[PDB]
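S.K.:
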Amino acid sequence: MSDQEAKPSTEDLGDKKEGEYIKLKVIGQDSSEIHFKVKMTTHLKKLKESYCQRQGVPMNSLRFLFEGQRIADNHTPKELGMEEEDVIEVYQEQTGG
């Protein structure tokens, strides 16, 4: 009973069962278009972390901005309606956050 009868395909599938995924690209002075198919309901704190990981710096280093507005990290990208933007940039956290 303890051993499963078969391994499921849930971790193995990649299409999220024909579900939606984010297409937003964050492109700072790093000049790279690295982005992943995560769901649109995550908070920007995790993206802040993942971008700082592409530079090898802690998450307190950078904040995102687009249309002139730097944004607060507890938003989700669907709150801001930005889930497929061609470019959002980063700028340094001048005094941290």
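Counting the sequence shown from 1 gives a position; the authors' numbering is that position plus 3. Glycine residues also receive a C-beta, built at the ideal position from the N, C-alpha and C atoms.
Go ahead and pull the three-state DSSP assignment for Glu82.
M.R.: To locate residue 82, count along the sequence shown from 1; it is residue 79. Note: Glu82 maps to helix in three-state DSSP.
S.K.: How close, in whole Å, do the beta carbons of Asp76 and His46 come, if the pair is a contact with beta carbons under 8 Å?
M.R.: Within the sequence shown, residue 76 is the residue found at index 73, counting from 1. Within the sequence shown, residue 46 is the residue found at index 43, counting from 1. Indeed, because the Cβ distance is near 7 Å, the residues count as touching under 8 Å.
S.K.: Mind checking who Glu21 pairs with in its DSSP beta bridge?
M.R.: Here residue 21 is taken as the residue at index 18 of the sequence shown, counted from 1. For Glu21, which the question treats as bridged, DSSP gives no partner whatsoever.
S.K.: If we ignore side chains and look at the alpha-carbon of each, how far apart do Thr98 and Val90 end up?
M.R.: In the sequence shown, residue 98 corresponds to position 95, counting from 1. In the sequence shown, residue 90 corresponds to position 87, counting from 1. Each residue's alpha carbon lies about 25 Å from the other.
S.K.: For a quick check, are the C-beta atoms of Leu65 and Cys55 less than 8 Å apart?
M.R.: In the sequence shown, the residue the question calls residue 65 occupies position 62. In the sequence shown, the residue the question calls residue 55 occupies position 52. Yes; because the gap between Cβ atoms is below 8 Å, this pair is in contact.
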